[PDB]
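Enquirer: So the protein lines, in turn, are chains A and B.
Heads up, the first sequence is in our numbering, so the first residue is 1 and it goes up one at a time.
Heads up, the second sequence is in our numbering, so the first residue is 96 and it goes up one at a time.
All C-beta atoms, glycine included, are put in the ideal place defined by N, C-alpha and C.
Protein chains: 2
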Amino acid sequence: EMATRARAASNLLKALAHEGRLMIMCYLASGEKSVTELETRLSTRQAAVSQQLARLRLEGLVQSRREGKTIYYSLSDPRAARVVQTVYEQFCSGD
Amino acid sequence: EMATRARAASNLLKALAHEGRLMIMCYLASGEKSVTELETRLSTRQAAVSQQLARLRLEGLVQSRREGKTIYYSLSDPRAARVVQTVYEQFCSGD
Ligand SMILES: CN(C)C(=O)NNC(=O)N(C)C
Ligand SMILES: CN(C)C(=O)NNC(=O)N(C)C
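#1: Could you spell out where the alpha helix (DSSP H) holding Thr131/B opens and where it closes?
#2: Taking 7 Å as the cut-off, decide whether the C-beta atoms of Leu151/B and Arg116/B are in contact.
#3: At the 7 Å Cβ level, is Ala17/A part of the contact set with chain B, yes or no?
#4: To the nearest angstrom, report how far apart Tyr168/B and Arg82/A are at their CA atoms.
#5: Please identify, using Cβ separations under 7 Å, the residues of the region 13-37 of chain A that lie next to chain B, in order along the chain.
#6: For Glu96/B and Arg66/A, I'd like the C-alpha separation in whole angstroms.
#7: Please tell me whether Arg41/A has its Cβ less than 7 Å away from any Cβ of chain B.
#8: Out of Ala9/A, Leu38/A, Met25/A, which has the shortest C-alpha to C-alpha gap to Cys121/B?
#9: Assuming contact is defined by CB atoms lying nearer than 7 Å, are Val157/B and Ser171/B in contact in what I supplied?
#10: Under the three-state reduction of DSSP, which class applies to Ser145/B: helix, strand or coil?
#11: Is any heavy atom of ligand 2 found at a distance shorter than 6 Å from the C-beta of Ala175/B?
#12: So is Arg177/B in contact with chain A if we call contact Cβ pairs under 7 Å?
#13: Please go through the same chain and pick out, in chain order, the residues whose beta-carbon is closer than 7 Å to the beta-carbon of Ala15/A, but skip the five residues on each side of it.
#14: Tell me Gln185/B's beta-bridge partners as DSSP assigns them.
See below:
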């Protein structure tokens, strides 16, 4: 149905419509990243990154695994992955 | 730069992160549509559609032309067009 798929799409976009969460998703769009790598690449403060990761997890958009003492995040919803890949390609392209 | 392109991307997503505006964009993603066609397809109330179209116009995402007494809207930002096409394809696909 058009309504329920429009609400799921709208909800993904609400999760992505935040500069910090979008940047996390863009970094994960190129492959799995440790938390250390994400924080190295992001200028966001650690407490903010932590909430943002939790929100992306709640929304079903990221998952994570432990390897030793490292936490690796990755994209988990393939619809969101493709949307973010399009955003990343389109908005990182110069004119 | 990563910051200014991340803000433009984030702003597109904020404009898209609304069920009514997203549905308009999804309909325009398949080609130019008259206002009459858009309102026939949308269940949204006319005053709401009017504000939503105005917002999409302000954001640079849609443009329009007049042919006789008909107003035709179309997508105007190609980055947004591709993002919406990915949303439409991904979220209209069944499992
Ligand atoms: C648009 N966006 C979030 C993005 O990251 N684009 N990529 C770059 O801007 N560089 C310099 C790699
Ligand atoms: C055509 N049809 C029944 C359909 O669901 N298309 N998908 C969408 O329109 N969205 C907004 C996900």
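Expert: In short:
#1: Judged by DSSP secondary structure, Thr131/B falls within the alpha helix (DSSP H) whose first and last residues are 130-136.
#2: Yes, Cβ-Cβ distance for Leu151/B and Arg116/B is below 7 Å.
#3: yes
#4: Their Cα atoms are separated by approximately 26 Å.
#5: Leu13, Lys14, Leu16, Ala17, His18, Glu19, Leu22, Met23
#6: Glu96/B and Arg66/A: Cα-Cα distance of roughly 33 Å.
#7: Interface residue (Cβ-Cβ distance to chain B less than 7 Å): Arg41/A is not classified as such.
#8: For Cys121/B, the nearest C-alpha among the options comes from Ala9/A.
#9: yes
#10: helix
#11: no
#12: Closer than 7 Å to some Cβ of chain A, the Cβ of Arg177/B qualifies, so yes.
#13: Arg21, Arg55, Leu56, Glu59, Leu61
#14: As DSSP reads the structure, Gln185/B sits in no beta bridge.
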